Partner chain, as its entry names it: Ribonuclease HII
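Okay, here we've got a single chain as structure tokens, the form deposited without the partner chain, with questions on binding and movement later.
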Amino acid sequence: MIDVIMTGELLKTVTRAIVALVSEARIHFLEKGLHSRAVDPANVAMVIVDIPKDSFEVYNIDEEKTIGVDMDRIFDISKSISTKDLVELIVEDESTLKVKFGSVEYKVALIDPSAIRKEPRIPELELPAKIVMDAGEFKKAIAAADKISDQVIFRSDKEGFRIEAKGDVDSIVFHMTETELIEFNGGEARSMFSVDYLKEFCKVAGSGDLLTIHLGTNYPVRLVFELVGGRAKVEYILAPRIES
């Protein structure tokens, strides 16, 4: 059996992060905690979620188990859950997931894991640039860029980190030097990405959340967000466009 208790905000945020890309997903309850990964239909973005066992109020599992979940449903139900509610998830067999919060108990039929798209592999990306900043600040940068173009360039070097967008008659540059960043290795990298996806990624993040960016040149970017008081790690990987 699986029986865990987590804050409502933790469940709502991780559910929202996953459903942003897929409507169904395999959820692994491992000895070390919860894990889930998925790639979107267009194969342009991937999401990797990790909730260490210590981020849960209670984490009791017998054997490690994988369940198939209808993410659209859990997301819909999560909207009736308060961020301040404590939520208990229970799986006694293999066909039903119980979600309890307040005076309510929701029961949803699980999906056969095999019926879900094959479990994707995590790319062993070798990236030279590492940038650590506030997720809210990043979110604002993307929001500003979104008003100028549908594509942005991420650039890193010894002088800092920049996010640039160019339009027909206007342009915008977000720039932070090493001293302004939380952590920065000065690695040299430059890649271009779709603003649409970046904007969607930021919907589960805000001021106070940590963001670690792993960047290369003409390589997918890794955006590692630490959310909900640092209880969850939500990494989004986005394929690159041609930077020239």
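Positions refer to the first chain, counted from 1.
Below, we refer to the form solved in complex with the partner chain, which is not included among the displayed structures.
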query: Segment that reaches the partner chain in the deposited bound form - one of 194-202, 60-68, 208-216, 26-34, heavy atoms within 4.5 Å; finding: 194-202
query: 4.5 Å heavy atom contact, residue 6 and the partner chain in the deposited bound form; finding: no
query: The partner chain contact in the deposited bound form: residue 238, any heavy atom under 4.5 Å; finding: yes
query: Any non-hydrogen atom of residue 45 within 4.5 angstroms of the partner chain in the deposited bound form; finding: yes
query: Exercise: residue 40 in contact with the partner chain in the deposited bound form, heavy atom 4.5 Å; finding: yes
query: Sole residue of 94, 88, 150, 157 within 4.5 Å of the partner chain in the deposited bound form, by heavy atom; finding: 150
query: Contacts with the partner chain in the deposited bound form, stretch 1-39 (heavy atom within 4.5 Å); finding: 16, 19, 20, 21, 22, 23
